[PDB]
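# Structural description and commentary
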Amino acid sequence: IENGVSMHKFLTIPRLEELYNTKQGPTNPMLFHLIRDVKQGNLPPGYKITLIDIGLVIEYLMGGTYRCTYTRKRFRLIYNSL
Amino acid sequence: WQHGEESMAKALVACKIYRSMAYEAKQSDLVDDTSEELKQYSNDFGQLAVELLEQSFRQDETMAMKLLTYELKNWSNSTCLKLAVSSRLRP
Amino acid sequence: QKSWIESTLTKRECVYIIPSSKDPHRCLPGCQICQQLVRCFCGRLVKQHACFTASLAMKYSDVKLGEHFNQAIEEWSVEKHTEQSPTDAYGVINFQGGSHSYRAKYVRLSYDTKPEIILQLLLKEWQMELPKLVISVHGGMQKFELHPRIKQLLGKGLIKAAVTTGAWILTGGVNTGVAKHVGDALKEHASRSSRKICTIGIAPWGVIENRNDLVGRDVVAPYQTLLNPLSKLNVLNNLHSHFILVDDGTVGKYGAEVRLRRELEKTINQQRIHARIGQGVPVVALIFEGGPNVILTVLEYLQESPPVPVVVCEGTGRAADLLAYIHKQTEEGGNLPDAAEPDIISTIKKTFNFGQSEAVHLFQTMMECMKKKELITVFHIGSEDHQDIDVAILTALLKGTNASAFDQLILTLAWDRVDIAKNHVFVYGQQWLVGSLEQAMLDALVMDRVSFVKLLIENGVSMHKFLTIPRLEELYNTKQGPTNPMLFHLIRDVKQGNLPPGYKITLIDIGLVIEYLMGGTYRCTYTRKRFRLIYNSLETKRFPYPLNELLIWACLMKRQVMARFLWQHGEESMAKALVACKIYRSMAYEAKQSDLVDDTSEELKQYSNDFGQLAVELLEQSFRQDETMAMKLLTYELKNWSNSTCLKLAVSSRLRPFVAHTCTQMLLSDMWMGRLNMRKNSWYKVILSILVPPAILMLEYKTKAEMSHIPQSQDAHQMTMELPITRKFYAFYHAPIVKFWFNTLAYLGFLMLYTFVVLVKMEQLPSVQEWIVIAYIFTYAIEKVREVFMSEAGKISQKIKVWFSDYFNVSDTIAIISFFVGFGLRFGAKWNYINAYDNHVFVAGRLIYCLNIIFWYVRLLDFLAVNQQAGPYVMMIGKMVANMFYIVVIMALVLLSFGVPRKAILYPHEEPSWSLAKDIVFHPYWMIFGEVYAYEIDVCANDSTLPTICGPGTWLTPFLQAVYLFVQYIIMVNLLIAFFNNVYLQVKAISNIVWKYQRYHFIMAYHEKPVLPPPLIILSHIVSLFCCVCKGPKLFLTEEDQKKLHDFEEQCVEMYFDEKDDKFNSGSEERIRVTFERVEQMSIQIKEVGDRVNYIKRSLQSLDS
Amino acid sequence: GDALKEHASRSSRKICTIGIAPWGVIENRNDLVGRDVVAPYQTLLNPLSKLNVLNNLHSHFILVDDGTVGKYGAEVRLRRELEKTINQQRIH
Ligand SMILES: CCCCCCCC/C=C/CCCCCCCC(=O)O[C@@H](COC(=O)CCCCCCCCCCCCCCC)COP(=O)([O-])OCC[N+](C)(C)C
Ligand SMILES: CCCCCCCC/C=C/CCCCCCCC(=O)O[C@@H](COC(=O)CCCCCCCCCCCCCCC)COP(=O)([O-])OCC[N+](C)(C)C
Ligand SMILES: CCCCCCCC/C=C/CCCCCCCC(=O)O[C@@H](COC(=O)CCCCCCCCCCCCCCC)COP(=O)([O-])OCC[N+](C)(C)C
Ligand SMILES: CCCCCCCC/C=C/CCCCCCCC(=O)O[C@@H](COC(=O)CCCCCCCCCCCCCCC)COP(=O)([O-])OCC[N+](C)(C)C
Ligand SMILES: CCCCCCCC/C=C/CCCCCCCC(=O)O[C@@H](COC(=O)CCCCCCCCCCCCCCC)COP(=O)([O-])OCC[N+](C)(C)C
Ligand SMILES: CCCCCCCC/C=C\CCCCCCCC(=O)O[C@@H](COC(=O)CCCCCCCCCCCCCCC)COP(=O)([O-])OCC[N+](C)(C)C
Ligand SMILES: CCCCCCCC/C=C\CCCCCCCC(=O)O[C@@H](COC(=O)CCCCCCCCCCCCCCC)COP(=O)([O-])OCC[N+](C)(C)C
Ligand SMILES: CCCCCCCC/C=C\CCCCCCCC(=O)O[C@@H](COC(=O)CCCCCCCCCCCCCCC)COP(=O)([O-])OCC[N+](C)(C)C
Ligand SMILES: CCCCCCCC/C=C\CCCCCCCC(=O)O[C@@H](COC(=O)CCCCCCCCCCCCCCC)COP(=O)([O-])OCC[N+](C)(C)C
Ligand SMILES: N#Cc1ccc(COC[C@H]2O[C@@H](n3c(NCc4ccc(Cl)c(Cl)c4)nc4c(N)ncnc43)[C@H](O)[C@@H]2O)cc1
Ligand SMILES: C[C@@H]1CC[C@@]2(OC1)O[C@H]1C[C@H]3[C@@H]4CC=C5C[C@@H](OCCC(CO)CO)CC[C@]5(C)[C@H]4CC[C@]3(C)[C@H]1[C@@H]2C
Ligand SMILES: CC(C)CCC[C@@H](C)[C@H]1CC[C@H]2[C@@H]3CC=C4C[C@@H](O)CC[C@]4(C)[C@H]3CC[C@]12C
């Protein structure tokens, strides 16, 4: 960042979607569990995580009427574009 | 956290994420607990927010009270009080 | 348009077109290649214009039919062939990358702008404050490098010189020249640091990358530091806070910045540096490299009118290395030493190779620079030049520019830099004039620069000469500095509600404020006949004690740093600190109560408590030196503070740590004695000497010398001149210790009677015991009316408001009024003669006595509280009843939660009756105190005392009561035991302090009391009214003791400040850091000397071969 | 007199610094006239002055009245004779 990296340019969907789907680093076994809960109990074997699914975790973790930007119409629309 | 803006808001969301992860991790019987680690992570961000509010408050008490109550627009139109209350963050 | 920028500032765009020079690039189809590549002599090619008029000419082949008479090709004139319009690019850069997202402002103006409009932009539009210095850095035009030695030091001082003086740094802005390393200096040494430097960068729009990104109206720009290798232009540097981007209409070429920049320098040097000062914002030029354009610029400035000095930095690049070089080999003004033409042109030929004609031309340009050697500074970073470039940049404006020592000082004053003024304006052998120093003081006072007020007093300013009426009257009437909105409000109050619009404050009006703020009988020197007389007249206007008058000014203006400074200069140090505590304390009270603006009362009370602590810390210093003279300091009349007293001023401000200091308590103990020496007597002998008067002659007294520190009445002091017999009786009965016991024996014999009267039958007429009691309570009440009238302060409603601010004076009013209601009903009733108590009026009077008696026992706590130990416990009881209040409100709720179900379950068949109010509250209260009512629980039991109360639902009451007492005792009584035990220590500590404070009012009340107690006091009244119609204590000092006492106070303020520093300078934290800050410097000097020995070894091999 | 300044001549222990000068060469002679009078004396080094200013940090002064004014000289006798008059005193 100091030597000239703009995180606005480096934060596309596939990248930030890739960042969740990494075993090349310190990972959380808690996250894949949280995803199984919000997904009605199912987990397909491959299952590259998506951002609409992270949204359901945060909405579950923040509780109440919290609604993440990953579950909105604007994002769900452009998500299917990319 | 210290890069970007909305610093208290990001610290009070973070306290609530870990706090909920700790609760689920404790209650959920999946592997070894890891809940003592997440609550400390929560209380670390919850302390940052307080230490900022003290900083804001000593500068201008009127604008600091505005910081508590402005709609966020990036955090579901919530509020820094509402996020601290959401995490039972009493200080 | 809703924008001054849009309405006023203008862009530029080459509406006309002029093709590039001649050449088609390659590629046979001449017509295609023309429109494809060919640049305008504007600077942009045909397809970039878009120039709607020219667009319908782009189609034809372009604007301007062909060959066009080569005169007319070059007839490109920015004034003729380029057009203005409401600008497009003004907003906020949002530098992406780096860290923190540093955020700057920009604008795209035309070079056709008038110079004033730019100053209108920086200040009014961009909301900037006018600086006190401008640093115009010229130097490298192309990206270069500095030794990390030479880099960081220029980034120490170019910052520090710009922080302190609130300076603007005018760069090129583009990240290729000096702006890079200027911009880096912002980085390492924390340009924010809670104090941002307003760094500006002026560049031309035609040469900067990402022009499109900065287009838009008030738009945040996603600008980034992307140094593309394929880019040809420069990047805007990050750490510059502002940018001005001239729109020359062209693109690609440099050049259209140097006009505006120099004209901005003029436009700032034509601004008043500060409303109080009559100079202009000075300008200095700084250099880090240079080609021909730079050293030519250096020549311009030295030639300008006013001349702008120059600071060159040896060791930074082509020019600056040379400009120090040619300048070092020069003499006074204008020379090269006899044989230097060959050497210096070779340096030119090597350092910047043009070659043997342009060298000599620019060499002649270097001559005319070295002619004005006096304005140029050659700070060389090698060893120790001009003491750390801060000094050099700031002192450079204090060089041969013909500015007298006044003009030299006042500029360092605006900058708020004394180190410059000390080391470079008060240099040995300076030519100071008569009023220059005094005038600079008047500026430092109003601008609130204490450090120059110190400096000017040290360097020969007598505040007795500089404190006339108009000056000190002007000082109140200033907006050129930190002012107090509270003062003009205080003036409106004392002026009956009026305020004429102009209203230059006067000193008779400040006097009315102080008299209002100090209260009581304070009378300032500004309202007296001597001052009011000479005031209308204006040697005789010089204020013999000025620093008593500027201490008040500093405090009425809420200027603490000035107050504490002006406090420690002069004399009467405690007195000035205790007045100051009272001024602020009253200002805080008025500011709190008065609903004028935001409160500011938390600020004033701390200012009060700051001076109130100084006085205590001095009294401790005095007391540890000499306890006898310190007690004199408490009680001498002041003669500059309304003939008041340091105790009286501390009491006036309720300043308990001074009244509870062990010196006042040691004095109050010595006034309690009187002439008696109760060190070598005992209370057995004082009491016996009251009942046996001739035993007054066989107990020891004090001489006139032990009574020298003790204030006295006039009569009491006259009788120390002579110890005869009739002086030993006066000395005894007029001692406060004697008046006390002589009143306790009368008061104890009062209750014994009044107890007897109340326990024994009372017939129609009062017994002898009861008449003696009415005599006491009557004569005792006359004593209290006397206390109110002779209280302190002539304002009647204050005599009353202060007397009812005391517990035992309010209860006496109730106890005395109740008694004569009782005597009236008792005495003035139609007695029955068959049986008393057939008269309900005689009953009432008697029962008032039986309750009035309670007031007169509790009053024994006023007499028991004279003791060391008893007193504080007495004073605790009130503080503790106040603090237990809410535990007891809960205990009363638990009571009614129980009493109402109990009464309702057990007694259903009740009509409305006031007994219901009792029975819900009566037994549940007595349960708190050990009464279980064991045989009223379970009323249906065999052992019951209420078997008739047995009925439906009465089995619920033992459950209810089990819960009740659990809550009372096991929770609420032990919570209260816990309360007290965990609050005892701090209530006991406050209560010692409050007792020691009330001990002033108690003892000083007894100098005023008559001798005889309140049955025989009427004699002392009749004697006083007989001696009032027919015809307090002071500390009398001779002239040689007022002398030796002021010497004592001065000596103790010395020891105070000395010991306060010696404690600090000898502490651990202060020795670790001076140790730390020298291992800084030594570590640098070892590697320095560690570098020198590396340059000593080279000589060994050199002299070897 | 400056050495008194920097290194805290008071320091709770004042040095009894004496300065013997002649009265005829000192500025503000009139200001120092009077009987047991506190003098409003100041350090005003007027450029148009020709005489010397009494230094501040000296605790005492002996100003010989030679009868004349303007000339130096009438101090060296007393000073040396004071040295004798002290060296003829028992040190303790
Ligand atoms: C024979 C039997 C008959 C009677 C039986 C029953 C007797 C009942 C017994 C009652 C107890 C009697 C003692 C009361 C003690 C008061 C405490 C006190 O002084 O507090 C404060 C009073 O501050 C004031 O300013 C007071 C001014 C008015 C006087 C108080 C009226 C109370 C009257 C009650 C009449 C009850 C009499 C009922 C009968 C008609 C202390 O002062 P302060 O706080 O510093 O205030 C000054 C400064 N300030 C204003 C800025 C704050
Ligand atoms: C600094 C402030 C603190 C000090 C405060 C000092 C001020 C204190 C204020 C005190 C005044 C309080 C009121 C007094 C009594 C009147 C009310 C009353 O009950 O009257 C009764 C007596 O009526 C009479 O005619 C007989 C009165 C005899 C004189 C006693 C009161 C005067 C003394 C006052 C000396 C005070 C001055 C003290 C020295 C200054 C009326 O009832 P009755 O007639 O008996 O019966 C009627 C019905 N029956 C006939 C059917 C039975
Ligand atoms: C069910 C029964 C419930 C209650 C029952 C009893 C409790 C009722 C209690 C009422 C007191 C209310 C006052 C609260 C304290 C205020 C602070 C204070 O210091 O006040 C005063 C002192 O303190 C007193 O005057 C306390 C008096 C009561 C203590 C016990 C009396 C013992 C004697 C009676 C024995 C008789 C026994 C037999 C009688 C027949 C004076 O202070 P001030 O001048 O006002 O200044 C304010 C302080 N400030 C400046 C810091 C703000
Ligand atoms: C959440 C916290 C838990 C609390 C703890 C548990 C709570 C305790 C629970 C106790 C159990 C209840 C005892 C009563 C049983 C029934 C009584 C009955 O039938 O007959 C009796 C009626 O007597 C009454 O109706 C009185 C009710 C009992 C009052 C108990 C108060 C609690 C004191 C203790 C509290 C501390 C407990 C200490 C715990 C170790 C009498 O018999 P009878 O035939 O009707 O009449 C015979 C005629 N005669 C009356 C003329 C002789
Ligand atoms: C710790 C160990 C304790 C032992 C535990 C064993 C428990 C055994 C339970 C026994 C209850 C049943 C026995 C009585 C049967 C009904 C008839 C009767 O005699 O009624 C009697 C009242 O008493 C009642 O009516 C019942 C009382 C119920 C509450 C008992 C406590 C509950 C447990 C604890 C929870 C408490 C809550 C605690 C909250 C913190 C009426 O008799 P009397 O009063 O003499 O009046 C007769 C005359 N009359 C007709 C004129 C009115
Ligand atoms: C205000 C301040 C004054 C100063 C005080 C000193 C001066 C005051 C001194 C004296 C004035 C009183 C005169 C006495 C008259 C004698 C007759 C008498 O009383 O006989 C009684 C016996 O009892 C006594 O004789 C003692 C009565 C007083 C008891 C309290 C004295 C202690 C205080 C003072 C001394 C210690 C001092 C302690 C402190 C160091 C008999 O009772 P009776 O009521 O007479 O009979 C009628 C009964 N009937 C109504 C039921 C029908
Ligand atoms: C500010 C002070 C002033 C207070 C106000 C003034 C007070 C003066 C008030 C009144 C004076 C006049 C008294 C007579 C009243 C008319 C009734 C009457 O005459 O007879 C009746 C008395 O009835 C009663 O109620 C007597 C008791 C009332 C006094 C109340 C005092 C309390 C004041 C607060 C305490 C002070 C605390 C002050 C602390 C600040 C009946 O009695 P009788 O005549 O013998 O007839 C027998 C009847 N029988 C046939 C049924 C058997
Ligand atoms: C007629 C025959 C002749 C004899 C009669 C006389 C008999 C004797 C009379 C009284 C008893 C006490 C006598 C001893 C005094 C000792 C001296 C002393 O130190 O005094 C102290 C106490 O001063 C007082 O006044 C204390 C209260 C006593 C008078 C009122 C009674 C209150 C208590 C009633 C309770 C009711 C209990 C109910 C029980 C029934 C004052 O001096 P200090 O402490 O040095 O000051 C310290 C402060 N300093 C350090 C800042 C300087
Ligand atoms: C819950 C804990 C464990 C207990 C469980 C078991 C108990 C459950 C609860 C309650 C039991 C109620 C029945 C017991 C009475 C039987 C005997 C009787 O008749 O007694 C009396 C009536 O008593 C009544 O009429 C009872 C009133 C209704 C109950 C109200 C709730 C009280 C408890 C709070 C709610 C519960 C929760 C409280 C939470 C701690 C006697 O009246 P009588 O018959 O007219 O007598 C003739 C009178 N004569 C001769 C004078 C004419
Ligand atoms: N020497 C000496 C000396 C002699 C007597 C005293 C007693 O002082 C009396 C005054 O003390 C005052 N006072 C008191 N009085 C104590 C008291 C008064 C009455 C009762 Cl019934 C009780 Cl339970 C206790 N408490 C105070 C407090 N908490 N804060 C401020 N002032 C207080 C009150 O105005 C009262 O008039 C103090 C010192
Ligand atoms: C928040 C707290 C809740 C509890 C409580 O405080 C506030 O609520 C209050 C209401 C009071 C009652 C109001 C009116 C009457 C009528 C009167 O009728 C005279 C009849 C006859 C005489 O014989 C006339 O001749 C008798 C007294 C009674 C019942 C009061 C009793 C006390 C009560 C219960 C008080 C109690 C302490
Ligand atoms: C409600 C009325 C009609 C009946 C009597 C009320 C009771 C509570 C009154 C009558 C006498 C009163 C006392 C009279 C005198 C004093 C001394 C004072 O320093 C504190 C209050 C205190 C201790 C009073 C407390 C309240 C009191 C006890």
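Residues numbered from 1 in each chain as written, not as in the entry; some residues may be left out. Chains lettered and ligands numbered in written order. Part of a larger assembly, values for the part shown. Heavy atoms only, no water.

cryo-EM is the method the PDB entry states for this structure, with the resolution given as 2.59 Å.

### A few points about the overall build of chain C
For clarity, the cut-off: Secondary structure follows DSSP: runs of H or I at least 4 residues long count as helices, runs of E at least 2 residues long count as strands, and numbering of each begins at the N terminus. The globule rule is 2.2 Å times the number of residues to the power 0.38, and the radius of gyration it is compared with is taken over C-alpha atoms. With a 1.4 Å probe rolled over the protein chains alone, any residue whose accessible area is under 20% of its type maximum counts as buried; one over 50% counts as exposed, and the rest are partly exposed. Only the protein chains shown count as cover for residues, and all accessible areas are computed by the Shrake-Rupley method using a 1.4 Å probe. Charge assignment: positive for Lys and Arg, negative for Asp and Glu; neither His nor the chain ends contribute. In plain terms, the charge of a residue is placed at NZ if it is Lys, CZ if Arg, CG if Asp and CD if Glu.
In terms of regular secondary structure, chain C is built from 47 helices and 12 strands. Its C-alpha atoms give chain C a radius of gyration of 45 Å, more than 25% over the compact-globule value 32 Å for 1105 residues. Taking the principal axes of its C-alpha atoms as reference, chain C extends roughly 150 × 90 × 75 Å. A buried classification covers 46% of the 1105 residues belonging to chain C. Within the structure as shown, chain C displays about 57900 Å² of accessible surface, and the carbon and sulfur contribution to it stands at 58%. On chain C, the mean spot of the 116 positive side-chain charges and the mean spot of the 110 negative ones are 3 Å from each other.

### Thoughts on the site of ligand 3
Residues and elements named next belong to chain C. Applicable threshold: Only heavy atoms are used to decide nearness, and a residue is near a molecule or strand if one of them lies within 4 Å of it. Residue classes follow a fixed rule: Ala, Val, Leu, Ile, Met, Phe, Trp, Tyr, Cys and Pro count as nonpolar, while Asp, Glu, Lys and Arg count as charged, and any other residue, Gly among them, counts as polar.
Around ligand 3, the neighbouring residues are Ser805, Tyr807, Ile854, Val858, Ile877, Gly878, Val881 and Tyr925. Surface burial for ligand 3 is 29%, taken as the share of its 1200 Å² of free accessible area covered by protein chains. Per-element accounting of the shell around ligand 3 gives the leading share, 3 residues, to helix 39 (residues 870-883). When the residues that make up the shell around ligand 3 are grouped by side-chain class, the tally is 6 nonpolar, 2 polar and no charged.

### A closer look at the site of ligand 9
All names here are of chain C. By nearness alone, every residue bordering ligand 9 is listed as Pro952, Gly953, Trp955 and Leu956. With the chains in place, 16% of the 1100 Å² that ligand 9 exposes on its own is no longer accessible. Taken together, the residues that form the shell around ligand 9 break down as 3 nonpolar, 1 polar and no charged.

### So, helix 43 (residues 957-981) of chain C
All names here are of chain C. Using the following cut-off: One less than the number of residues in a helix, times 1.5 Å, gives the span that helix is expected to have. The angle separating two fitted axes, one through the seven residues that finish at a residue and one through the seven that start at it, defines the bend at that residue. In this description, contact between two residues means that some pair of their heavy atoms is separated by no more than 4.5 Å.
In a regular helix each residue adds 1.5 Å, so 25 residues correspond to 36 Å; helix 43 covers 34 Å between its end C-alpha atoms and thus fits that length. Where helix 43 bends most, at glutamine 968, the angle is about 25°. Among the residues of helix 43, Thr957, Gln961, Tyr964, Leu965, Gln968, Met972 and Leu976 are the ones counted as buried. For helix 43, the elements touching its buried residues are helix 40 (885-906) and helix 42 (922-926).

### Remarks on the state of the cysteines
Residue and element names in this part refer to chain C. For the record, the criterion: Note that a disulfide, as used here, is simply two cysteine sulfur atoms within 2.5 Å.
A full pass over the atoms with the stated rule returns 3 disulfides over all chains. Linked covalently through their sulfurs, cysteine 14 and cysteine 42 form a disulfide whose S-S length is 2.0 Å. Sign of the S-S torsion, about -60° for the bond between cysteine 14 and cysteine 42, identifies this disulfide as left-handed. Taken together, the positions of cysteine 14 in the loop between helix 1 (4-8) and helix 2 (30-37) and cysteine 42 in the loop between helix 2 and helix 3 (46-49) put the pair 28 residues apart, joining distant regions of the chain. The exposure class assigned to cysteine 14 is buried, which follows from its relative accessible area of 1%. Here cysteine 42 falls in the buried class, since its relative accessible area comes to 0%. Between the sulfur atoms of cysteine 40 and its disulfide mate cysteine 42 the distance is 2.1 Å.

### Some remarks on the interface of chain C and chain D
Many structure descriptions define interface size as the accessible area lost when the parts assemble. The criterion, for reference: Accessible area, probed at 1.4 Å, shrinks when two parts are joined; the buried area is that loss added up over both. The definition of a polar contact used here is a pair of N or O atoms within 3.5 Å, where within protein one atom must be able to donate a hydrogen and the other to accept one, and adjacent residues in sequence count solely through side-chain atom pairs.
In this complex, chain C contributes 6 residues to the contact, which on the side of chain D involves 7 residues. Buried area between chain C and chain D, summed over both chains or domains, comes out near 400 Å², and the portion from carbon and sulfur atoms is 48%. Taken as a group, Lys465, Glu1054 and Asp1058 of chain C account for 59% of the area that chain C buries against chain D, more than any other trio of residues on that side. Connecting chain C to chain D are 0 residue pairs in polar contact.

### Some points on empty space enclosed by the protein
Residues and elements named next belong to chain C. Stated formally: Buriedness for pockets is judged along seven lines, at least five of which must meet protein on both sides within 12 Å for an open set on the 1 Å grid over protein atoms alone, while cavities are sets there where a 1.4 Å probe fits but cannot get out, and lining residues have an atom within 4 Å of a point. Grid points are joined across faces, edges and corners, and a volume is the space filled by probe spheres set on the points.
Empty space within the largest cavity amounts to approximately 90 Å³. Lining the largest cavity are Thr635, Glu637, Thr645, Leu647, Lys648, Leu667, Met671, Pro711, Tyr1000, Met1004 and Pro1033. Of all the secondary-structure elements, those providing two or more residues to the lining of the largest cavity are helix 27 (646-652), helix 29 (664-673) and helix 44 (984-1008). Split by residue class, the lining of the largest cavity holds 7 nonpolar, 2 polar and 2 charged. In this structure, the second largest cavity occupies an estimated 70 Å³ of space. Around the second largest cavity, the lining residues are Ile17, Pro19, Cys34, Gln35, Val38, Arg39, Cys40, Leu45, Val46, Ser61 and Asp62. Looking at side-chain class alone, the lining of the second largest cavity contains 7 nonpolar, 2 polar and 2 charged residues.

### Digging into the arrangement of the chains
There are 4 pairs of chains in contact here; the most contacts are made by chains A and B. In this view chain A stays clear of chain D, with the nearest C-alpha atoms of the two still 50 Å from each other. Taking C-alpha atoms only, the smallest gap left between chain B and chain D, which are not in contact, amounts to 41 Å.

### Quick look at the pattern of salt bridges
Residues and elements named next belong to chain C. Filter applied, for reference: In what follows, salt bridge is the name for a side-chain nitrogen of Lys or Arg lying within 4 Å of a carboxyl oxygen of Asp or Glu.
In total, this model carries 43 salt bridges over all chains according to the counting rule given. In this structure, the salt-bridge partner of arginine 262 is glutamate 304, at a minimum N-O distance of 3.2 Å. With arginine 262 in helix 8 (residues 258-269) and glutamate 304 in the loop between helix 9 (292-303) and strand 11 (310-312), this residue pair connects regions lying 42 residues apart in the sequence. For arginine 262, a relative accessible area of 16% translates into the label buried. The exposure class of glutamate 304 is partly exposed, given its relative accessible area of 24%. For the salt bridge of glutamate 770 with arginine 826, the shortest nitrogen-to-oxygen distance reads 3.1 Å. Taken together, the positions of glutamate 770 in helix 34 (residues 768-789) and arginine 826 in helix 36 (residues 807-827) put the pair 56 residues apart, joining distant regions of the chain.

### Points about the packing of aromatic side chains
Residue and element names in this part refer to chain C. Keep this limit in mind: Ring pairs shown here join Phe, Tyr and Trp side chains whose ring centres sit within 6.5 Å, with only the six-membered ring taken for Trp; geometry is labelled stacked below 30 degrees between planes, edge-to-face above 60, and tilted in between. Here, over-ring charges are defined by two tests on the NZ atom of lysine or the CZ atom of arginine: distance to the ring centre within 6 Å, and angle to the ring normal within 35 degrees.
Enumeration according to the criterion identifies 58 aromatic pairs over all chains in this entry. Here the aromatic rings of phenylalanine 740 and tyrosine 1006 are separated by 6.0 Å at their centres, their planes lie at 35°, and the arrangement is tilted. Linking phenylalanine 740 in helix 33 (residues 736-759) with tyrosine 1006 in helix 44, this pair joins segments that are 266 residues apart in sequence. The exposure class assigned to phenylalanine 740 is buried, which follows from its relative accessible area of 4%. On the basis of an interplanar angle of 55° and a centroid distance of 5.0 Å, the ring pair of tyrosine 925 and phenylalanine 929 is categorised as tilted. The class of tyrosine 925 is partly exposed, set by a relative accessible area of 38%. We note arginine 656 situated over the ring of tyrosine 997; from NZ or CZ to the ring centre the distance is 5.0 Å.

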